[PDB]
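*Asks:* Got a structure for you, questions after.
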Amino acid sequence: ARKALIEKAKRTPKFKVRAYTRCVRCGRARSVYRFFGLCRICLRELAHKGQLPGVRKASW
Amino acid sequence: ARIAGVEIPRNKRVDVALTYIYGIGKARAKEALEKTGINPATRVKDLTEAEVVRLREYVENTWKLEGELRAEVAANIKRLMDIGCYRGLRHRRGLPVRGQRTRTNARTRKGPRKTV
Amino acid sequence: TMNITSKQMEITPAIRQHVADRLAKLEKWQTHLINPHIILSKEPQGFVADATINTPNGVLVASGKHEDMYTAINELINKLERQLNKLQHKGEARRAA
Amino acid sequence: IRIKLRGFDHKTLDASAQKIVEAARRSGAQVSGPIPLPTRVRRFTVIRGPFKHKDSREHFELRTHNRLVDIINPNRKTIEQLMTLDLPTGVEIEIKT
Amino acid sequence: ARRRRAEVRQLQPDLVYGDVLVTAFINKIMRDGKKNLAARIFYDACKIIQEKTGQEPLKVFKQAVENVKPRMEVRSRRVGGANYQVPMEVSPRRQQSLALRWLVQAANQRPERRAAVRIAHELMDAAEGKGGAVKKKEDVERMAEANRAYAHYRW
Amino acid sequence: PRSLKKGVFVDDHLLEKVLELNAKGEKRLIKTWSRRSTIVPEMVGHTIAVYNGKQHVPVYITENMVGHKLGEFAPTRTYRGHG
Amino acid sequence: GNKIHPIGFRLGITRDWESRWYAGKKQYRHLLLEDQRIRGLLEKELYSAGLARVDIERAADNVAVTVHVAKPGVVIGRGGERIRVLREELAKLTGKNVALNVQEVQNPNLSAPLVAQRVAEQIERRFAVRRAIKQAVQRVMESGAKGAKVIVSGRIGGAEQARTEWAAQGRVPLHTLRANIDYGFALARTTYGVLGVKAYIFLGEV
Amino acid sequence: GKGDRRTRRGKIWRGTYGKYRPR
Amino acid sequence: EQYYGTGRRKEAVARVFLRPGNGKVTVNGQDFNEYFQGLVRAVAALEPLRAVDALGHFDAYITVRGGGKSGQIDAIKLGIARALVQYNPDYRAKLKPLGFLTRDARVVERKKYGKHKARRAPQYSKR
RNA sequence: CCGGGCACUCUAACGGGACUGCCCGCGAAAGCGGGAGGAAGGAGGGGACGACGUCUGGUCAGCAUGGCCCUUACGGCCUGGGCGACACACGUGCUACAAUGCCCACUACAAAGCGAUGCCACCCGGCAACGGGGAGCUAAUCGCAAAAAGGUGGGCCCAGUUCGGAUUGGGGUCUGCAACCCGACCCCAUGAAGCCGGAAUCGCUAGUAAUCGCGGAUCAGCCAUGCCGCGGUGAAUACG
Ligand SMILES: [Mg+2]
Ligand SMILES: [Mg+2]
Ligand SMILES: [Mg+2]
Ligand SMILES: [Mg+2]
Ligand SMILES: [Mg+2]
Ligand SMILES: [Mg+2]
Ligand SMILES: [Mg+2]
Ligand SMILES: [Mg+2]
Ligand SMILES: [Mg+2]
Ligand SMILES: [Mg+2]
Ligand SMILES: [Mg+2]
Ligand SMILES: [Mg+2]
Ligand SMILES: [Mg+2]
Ligand SMILES: [Mg+2]
Ligand SMILES: [Mg+2]
Ligand SMILES: [Mg+2]
Ligand SMILES: [Mg+2]
Ligand SMILES: [Mg+2]
Ligand SMILES: [Mg+2]
Ligand SMILES: [Mg+2]
Ligand SMILES: [Mg+2]
Ligand SMILES: [Mg+2]
Ligand SMILES: [Mg+2]
Ligand SMILES: [Mg+2]
Ligand SMILES: [Mg+2]
Ligand SMILES: [Mg+2]
Ligand SMILES: [Mg+2]
Ligand SMILES: [Mg+2]
Ligand SMILES: [Mg+2]
Ligand SMILES: [Mg+2]
Ligand SMILES: [Mg+2]
Ligand SMILES: [Mg+2]
Ligand SMILES: [Mg+2]
Ligand SMILES: [Zn+2]
């Protein structure tokens, strides 16, 4: 159970509750940020690449 | 056997003392003392036999109590257990009723530890 | 008490109890074997019996490997024994001067 | 009379507010100098590795920086050439009345 | 620690007597960083030690501190196959602490109900050489005395 | 529990089967997958087969088991104790 | 495995994003989603060209995608031809005003992500990996770099025991923020698995 | 009392309001 | 007419306004002691002026924002000592050794990932 | 609040500044002990940052991937169930055992963040959860908002209690197609164990520990007492 799932998440559901976020990049269901469409992993990868506008490593 | 069936602690404030009746919390206590118009600050040992009978009369008639309350709670579980519903079943094993975890803990329902 | 973890394997209460029996060899030294942990696992080349045990004078941490699981469990116990015995007598080694 | 400046990059925010401050001040007349609004901050805290390892994280931040300018004595020699000023890519602008 | 000797924090003198010592003692009353409550209790105590024995809180407390300062104490040192309890002089810095610690501790062993009283009473008793904080002092000092035999084993 | 303002919830698709039985003159075993449905006063006397995830469990309904859900009487878990 | 990405580490100090544009929360995700789709078809078709960066700008339904490469030609096409054929394939996905430019790389042998792909290709073509690495470093140094370093990891030469090989010359101070260090990764498929090539070029300190 | 919902102290902790802690 | 110091401690900041008067003091739109009631930490806020026998020569109007009552107390202490130095620069000696001029940088240290607080590590049992 | 003004607080970009620079002493030197100046002194406090390598460490279940395996099924959809079981054992935590405390009332002082089927002032019903109204705000404006410990006043009077809040009965609210399994919240009633914890064992050297509350990610709701942050108050001790 993967592609059928990265798929069932794209489609509009028989009830509103069944709405769930997947990673727009890797398909990962858990730890998915609303703001990026990304999981915690992918978020890290692009950010390191610079493919995340304004997004930089924080140090305080 | 002061009120009602139980002898509420003298020495103490009547609002606290009334809590020592089964079926009477902080709340119902605050309520009887208004409805019978007496100072919650007065010690039970300081009550007019009048103020007392009032207190007694109101409370015994307002709320279901002591044995008669426990009987309903038993009757309540009695039936739940006999219709054979899930909440009933959990009683039927002495287990937890409110959807708690039982892999660990759950000791108050179970009793202290039962070695294998 | 006695805790065994069987990692990516199925083992019987029989086998479990056997581990308790072997580990008992450590009771010889008469010191508190506190919360001992036996872990059983199966590498490609053979089984592994890992164990971590705390006693009043320190920790026993050891590992056995062998084509045969039972033999691995024993080889573990040897190492556990040796260490336990080092704990129990190392303190004596310097009563003079 | 207001121009409101927001971007993910701060060095480009004073670029756009340097020029826009200058544009109205040239073509008459009064400009309420580029005011540094407080930054709204969005943190991203994430476990570094792909699997387990909870006690190691990497901290990520997103600064939506904030600026505001006022063109005080407005004077329509200004209101034209503004619709022809060179915006760097990383900032959006708000003008209302 | 391993590198150099650590350094004693200078305390900020207390606003009701300017005394570096009251501050220390206050702090040792302080649970959970609730220093306000700490000073209160203390000051309340002084109020009492004035009330009950008509003389200077400060003068009294300073005595009870002087009477709970252990001068010799034991410090353990395994030699060979026995852990010998060795007699050692206590450096004034430590004398202080122990004195304050014990003072509080005895005080909190008392049956009087409210914290503010107990501090008062223990302070009173210890100025007179009575009380637990003085008992702890002597228990310690008798202990060092018995073990006078092992004094040369000292560091 | 379910809010007093909103309904007393029953899956509509069981209520029909229930109603159809009243009129025609009851009664046959009613298979359902509706553990969530309230038992409702018109269900009394039926024997409804409730799915637990494995079996449709026969539950005769009584006047004392009325406000409860269906699944309360078809246990989901097999437990005979330990050791 | 321990080391941080030498790129994300220098953002706003020695290096600058491959995507500069503001957006608000309602939108950010959606813009970026396109950019993933964008770089997908672009890194797909332009690998042949020698793709080194996909710079991307935005204002409002109109975007400037600046491609960098050291073979500017294959992006052009037949006299202005291909560049457009993409803008059609492209702005069919974009649905919007896709200004698709082409920027020359003044020396692919001073651009990490390039150097990487080269070696990845050499080893996909069954070349002696230990050789390839020492060479790729040798060239980068000849092309004037203040230092170079390459890394290949995995079933090198077809070994069953994976292995890690690397070489370096001059300086590569990964700890220094003012050091200009271009990092490039290439992923080499083989019949027996995947190797990962990593490229390190030390251009200079600021 | 942080675990006694029926007091002020209880409701601050649970993050809620009620008879015993009003808004 | 008026003397000023900027007072800071932790997240607390204190705008201090010295004026001569009988010696009476105010904080944030109410009399000092009414704002700092029952908090024995107070009288050291006014402590720098005691160090130079300037107790009653001055009134004081003060607003105070940020932090808590005691940090704010500390803030004031700085500012009033600050303001005295423009009132009288020969006031360094007998305020500097008394450490009143200096601002202590001691700020709440940051909470770090993997710990429970800044430094409190989580408990762990080897075996 | 308005006129007015940016002084101040601040907000937030750009700089200054500390360099053992100077003084004395010991030193071949590097340095070390010390004084003044100075907000800061010998790395100012904290962060970001992790060498060749090691553990044939971790992850084929994020992803990528060689190879091996399945093909009316080892693929795919759905209803229900399960992941929440409970003789037991271990790890992490929460709340406590109380008077330096608990309750009620009145009254103060933060910071970082968040917010368009979103935060919701203010009015109304209801003990309350909440319901109905309904103003503002793309938010240094408007809202979440009350910070809590603290302060003043009043009760409790050492009692398994006005400690503690588990368990159970009953009555409700909300999200959601849906709260039997299996949500959170509110109110009446219930009012357990627990009187400071064996062997053993953890953290922390300063704005730290301890204690106190507030935000955020995820998220319809929520089992968060978890995690990542933020301030408030604020110690002890280091011979070695
Ligand atoms: Mg897949
Ligand atoms: Mg959902
Ligand atoms: Mg999700
Ligand atoms: Mg009662
Ligand atoms: Mg639960
Ligand atoms: Mg359960
Ligand atoms: Mg091992
Ligand atoms: Mg953790
Ligand atoms: Mg003692
Ligand atoms: Mg919270
Ligand atoms: Mg600041
Ligand atoms: Mg803190
Ligand atoms: Mg761990
Ligand atoms: Mg100015
Ligand atoms: Mg470094
Ligand atoms: Mg996979
Ligand atoms: Mg595979
Ligand atoms: Mg083949
Ligand atoms: Mg389920
Ligand atoms: Mg689970
Ligand atoms: Mg246990
Ligand atoms: Mg917990
Ligand atoms: Mg939220
Ligand atoms: Mg009891
Ligand atoms: Mg008991
Ligand atoms: Mg009680
Ligand atoms: Mg209670
Ligand atoms: Mg007691
Ligand atoms: Mg303890
Ligand atoms: Mg305690
Ligand atoms: Mg304990
Ligand atoms: Mg507490
Ligand atoms: Mg939530
Ligand atoms: Zn992902």
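Chain labels A, B, ... are given in the sequence in which chains occur in the structure tokens; within each chain residues are numbered consecutively from 1, and ligands are likewise numbered from 1 in the order shown.
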How would you write, as JSON, numbers by chain, the set of residues no farther than 12 Å from ligand 8 when counting only C-alpha atoms (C1' of nucleotides) and all ligand atoms?
*Replies:* {"D": [47, 52, 53, 54, 55, 56, 57], "I": [112, 113, 114, 115, 116, 117, 121, 122, 123, 124], "J": [92, 93, 226, 227, 228]}
*Asks:* Write the residues of the selection above to a file with N, CA and C atoms (P, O5', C5', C4', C3', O3' and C1' of nucleotides), as a PDB file, in the first residue's frame.
*Replies:*
```
ATOM      1  N   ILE D  47      13.444  16.874  13.471  1.00  0.00           N
ATOM      2  CA  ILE D  47      14.478  15.846  13.685  1.00  0.00           C
ATOM      3  C   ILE D  47      15.412  15.693  12.498  1.00  0.00           C
ATOM      4  N   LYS D  52      13.998   7.525  13.693  1.00  0.00           N
ATOM      5  CA  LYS D  52      14.213   7.724  15.146  1.00  0.00           C
ATOM      6  C   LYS D  52      15.136   8.928  15.482  1.00  0.00           C
ATOM      7  N   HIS D  53      16.068   8.749  16.417  1.00  0.00           N
ATOM      8  CA  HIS D  53      17.031   9.787  16.787  1.00  0.00           C
ATOM      9  C   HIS D  53      16.424  11.081  17.299  1.00  0.00           C
ATOM     10  N   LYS D  54      15.329  10.981  18.036  1.00  0.00           N
ATOM     11  CA  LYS D  54      14.622  12.159  18.509  1.00  0.00           C
ATOM     12  C   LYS D  54      15.471  13.277  19.152  1.00  0.00           C
ATOM     13  N   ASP D  55      16.574  12.984  19.824  1.00  0.00           N
ATOM     14  CA  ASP D  55      17.207  14.076  20.579  1.00  0.00           C
ATOM     15  C   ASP D  55      18.171  14.950  19.809  1.00  0.00           C
ATOM     16  N   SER D  56      18.130  14.823  18.489  1.00  0.00           N
ATOM     17  CA  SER D  56      18.926  15.697  17.629  1.00  0.00           C
ATOM     18  C   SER D  56      18.004  16.333  16.577  1.00  0.00           C
ATOM     19  N   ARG D  57      18.018  17.665  16.539  1.00  0.00           N
ATOM     20  CA  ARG D  57      17.139  18.458  15.689  1.00  0.00           C
ATOM     21  C   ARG D  57      17.918  19.449  14.865  1.00  0.00           C
TER      22      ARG D  57
ATOM     23  N   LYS I 112      17.430  24.220  25.012  1.00  0.00           N
ATOM     24  CA  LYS I 112      18.055  23.478  23.904  1.00  0.00           C
ATOM     25  C   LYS I 112      17.410  22.121  23.634  1.00  0.00           C
ATOM     26  N   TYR I 113      17.383  21.734  22.368  1.00  0.00           N
ATOM     27  CA  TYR I 113      16.739  20.502  21.954  1.00  0.00           C
ATOM     28  C   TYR I 113      17.500  19.325  22.556  1.00  0.00           C
ATOM     29  N   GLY I 114      16.743  18.339  23.038  1.00  0.00           N
ATOM     30  CA  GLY I 114      17.291  17.168  23.702  1.00  0.00           C
ATOM     31  C   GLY I 114      17.391  17.309  25.215  1.00  0.00           C
ATOM     32  N   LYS I 115      17.286  18.533  25.706  1.00  0.00           N
ATOM     33  CA  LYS I 115      17.258  18.751  27.141  1.00  0.00           C
ATOM     34  C   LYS I 115      15.833  19.116  27.563  1.00  0.00           C
ATOM     35  N   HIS I 116      15.594  19.228  28.861  1.00  0.00           N
ATOM     36  CA  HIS I 116      14.270  19.619  29.356  1.00  0.00           C
ATOM     37  C   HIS I 116      14.155  21.145  29.574  1.00  0.00           C
ATOM     38  N   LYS I 117      15.287  21.780  29.793  1.00  0.00           N
ATOM     39  CA  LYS I 117      15.360  23.200  30.029  1.00  0.00           C
ATOM     40  C   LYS I 117      16.632  23.611  29.317  1.00  0.00           C
ATOM     41  N   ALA I 121      19.224  17.855  31.647  1.00  0.00           N
ATOM     42  CA  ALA I 121      19.208  16.742  30.703  1.00  0.00           C
ATOM     43  C   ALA I 121      18.149  15.812  31.173  1.00  0.00           C
ATOM     44  N   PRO I 122      17.612  14.987  30.258  1.00  0.00           N
ATOM     45  CA  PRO I 122      16.582  14.001  30.610  1.00  0.00           C
ATOM     46  C   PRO I 122      17.175  12.733  31.243  1.00  0.00           C
ATOM     47  N   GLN I 123      16.455  12.170  32.206  1.00  0.00           N
ATOM     48  CA  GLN I 123      16.957  11.039  32.978  1.00  0.00           C
ATOM     49  C   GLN I 123      16.992   9.798  32.102  1.00  0.00           C
ATOM     50  N   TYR I 124      18.020   8.975  32.290  1.00  0.00           N
ATOM     51  CA  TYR I 124      18.276   7.798  31.450  1.00  0.00           C
ATOM     52  C   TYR I 124      18.862   6.626  32.292  1.00  0.00           C
TER      53      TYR I 124
ATOM     54  P     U J  92      13.829   5.950  33.870  1.00  0.00           P
ATOM     55  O5'   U J  92      13.038   7.017  32.984  1.00  0.00           O
ATOM     56  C5'   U J  92      13.458   7.345  31.662  1.00  0.00           C
ATOM     57  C4'   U J  92      12.409   8.107  30.872  1.00  0.00           C
ATOM     58  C3'   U J  92      11.787   9.300  31.571  1.00  0.00           C
ATOM     59  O3'   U J  92      12.626  10.435  31.477  1.00  0.00           O
ATOM     60  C1'   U J  92      10.079   7.992  30.575  1.00  0.00           C
ATOM     61  P     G J  93      12.562  11.588  32.586  1.00  0.00           P
ATOM     62  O5'   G J  93      11.173  12.279  32.239  1.00  0.00           O
ATOM     63  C5'   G J  93      10.262  12.610  33.260  1.00  0.00           C
ATOM     64  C4'   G J  93       8.858  12.741  32.740  1.00  0.00           C
ATOM     65  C3'   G J  93       7.878  13.381  33.718  1.00  0.00           C
ATOM     66  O3'   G J  93       7.907  14.804  33.650  1.00  0.00           O
ATOM     67  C1'   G J  93       6.959  11.362  32.848  1.00  0.00           C
ATOM     68  P     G J 226       5.125  16.373  30.052  1.00  0.00           P
ATOM     69  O5'   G J 226       5.000  15.640  28.644  1.00  0.00           O
ATOM     70  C5'   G J 226       5.406  14.295  28.488  1.00  0.00           C
ATOM     71  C4'   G J 226       5.932  14.020  27.098  1.00  0.00           C
ATOM     72  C3'   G J 226       6.877  15.056  26.482  1.00  0.00           C
ATOM     73  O3'   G J 226       8.233  14.849  26.827  1.00  0.00           O
ATOM     74  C1'   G J 226       5.166  14.544  24.946  1.00  0.00           C
ATOM     75  P     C J 227       9.256  16.082  26.963  1.00  0.00           P
ATOM     76  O5'   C J 227       9.415  16.600  25.466  1.00  0.00           O
ATOM     77  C5'   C J 227       9.934  15.764  24.445  1.00  0.00           C
ATOM     78  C4'   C J 227       9.752  16.381  23.079  1.00  0.00           C
ATOM     79  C3'   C J 227      10.350  17.769  22.889  1.00  0.00           C
ATOM     80  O3'   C J 227      11.721  17.699  22.579  1.00  0.00           O
ATOM     81  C1'   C J 227       8.159  17.717  22.009  1.00  0.00           C
ATOM     82  P     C J 228      12.712  18.769  23.210  1.00  0.00           P
ATOM     83  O5'   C J 228      12.456  20.053  22.321  1.00  0.00           O
ATOM     84  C5'   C J 228      12.720  20.012  20.931  1.00  0.00           C
ATOM     85  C4'   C J 228      12.241  21.257  20.237  1.00  0.00           C
ATOM     86  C3'   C J 228      12.694  22.563  20.849  1.00  0.00           C
ATOM     87  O3'   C J 228      13.993  22.917  20.451  1.00  0.00           O
ATOM     88  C1'   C J 228      10.391  22.674  20.408  1.00  0.00           C
TER      89        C J 228
END
```
*Asks:* Please identify all protein, DNA and RNA residues within 12 Å of ligand 18, counting only C-alpha atoms (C1' of nucleotides) and all ligand atoms, and report them as a PyMOL selection string.
*Replies:* (chain G and resi 190-193) or (chain J and resi 66-68)
*Asks:* Output the selection as a PDB file, in the first residue's frame - C-alpha atoms (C1' of nucleotides) for each residue.
*Replies:*
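Produced file result-v5.pdb, reproduced below:
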```pdb
ATOM      1  CA  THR G 190      24.762   0.699 -12.279  1.00  0.00           C
ATOM      2  CA  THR G 191      23.716  -2.865 -12.913  1.00  0.00           C
ATOM      3  CA  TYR G 192      24.727  -3.727  -9.318  1.00  0.00           C
ATOM      4  CA  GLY G 193      23.344  -0.635  -7.473  1.00  0.00           C
TER       5      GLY G 193
ATOM      6  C1'   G J  66      21.083  -3.624  -6.996  1.00  0.00           C
ATOM      7  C1'   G J  67      19.306  -8.341  -6.484  1.00  0.00           C
ATOM      8  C1'   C J  68      15.297 -11.546  -4.795  1.00  0.00           C
TER       9        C J  68
END
```
*Asks:* Please return, as number ranges by chain, all residues of chain D lying within 10 Å of chain A when only C-alpha atoms are considered.
*Replies:* D: 7-10, 42-51, 58-65, 90
*Asks:* Based on DSSP run over this structure's backbone, return all residues of segment 10-85 of chain D in strand (DSSP E), as a PyMOL selection string.
*Replies:* chain D and resi 31-47+57-71
*Asks:* Select the residues contacting ligand 27 at a distance of at most 7 Å, based on only C-alpha atoms (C1' of nucleotides) and all ligand atoms, then format the selection as a VMD selection string.
*Replies:* (chain H and resid 1 4) or (chain J and resid 163 to 165)
*Asks:* Could you list, as a ChimeraX atom specification, all the residues within 6 Å of ligand 3, counting only C-alpha atoms (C1' of nucleotides) and all ligand atoms?
*Replies:* /A:20-22,29-30,32
*Asks:* May I have the residues from that selection written out with N, CA and C atoms, as a PDB file, in the first residue's frame?
*Replies:*
```pdb
ATOM      1  N   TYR A  20      -6.687  14.222   4.663  1.00  0.00           N
ATOM      2  CA  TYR A  20      -5.397  14.170   5.321  1.00  0.00           C
ATOM      3  C   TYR A  20      -4.272  14.644   4.426  1.00  0.00           C
ATOM      4  N   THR A  21      -3.281  15.254   5.055  1.00  0.00           N
ATOM      5  CA  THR A  21      -2.128  15.751   4.330  1.00  0.00           C
ATOM      6  C   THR A  21      -1.075  14.678   4.052  1.00  0.00           C
ATOM      7  N   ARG A  22      -0.568  14.682   2.816  1.00  0.00           N
ATOM      8  CA  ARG A  22       0.647  13.954   2.454  1.00  0.00           C
ATOM      9  C   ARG A  22       1.694  14.913   1.944  1.00  0.00           C
ATOM     10  N   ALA A  29       2.957  10.355   4.906  1.00  0.00           N
ATOM     11  CA  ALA A  29       1.770  10.854   5.610  1.00  0.00           C
ATOM     12  C   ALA A  29       2.097  11.592   6.926  1.00  0.00           C
ATOM     13  N   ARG A  30       3.032  11.066   7.729  1.00  0.00           N
ATOM     14  CA  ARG A  30       3.299  11.602   9.074  1.00  0.00           C
ATOM     15  C   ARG A  30       4.294  12.758   9.051  1.00  0.00           C
ATOM     16  N   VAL A  32       3.886  16.119   8.358  1.00  0.00           N
ATOM     17  CA  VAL A  32       3.695  16.956   7.174  1.00  0.00           C
ATOM     18  C   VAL A  32       3.253  18.373   7.527  1.00  0.00           C
TER      19      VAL A  32
END
```
*Asks:* Quote the spacing between atom CA of residue 19 of chain G and atom CA of residue 56 of chain G in Å to one decimal place.
*Replies:* 4.9 Å
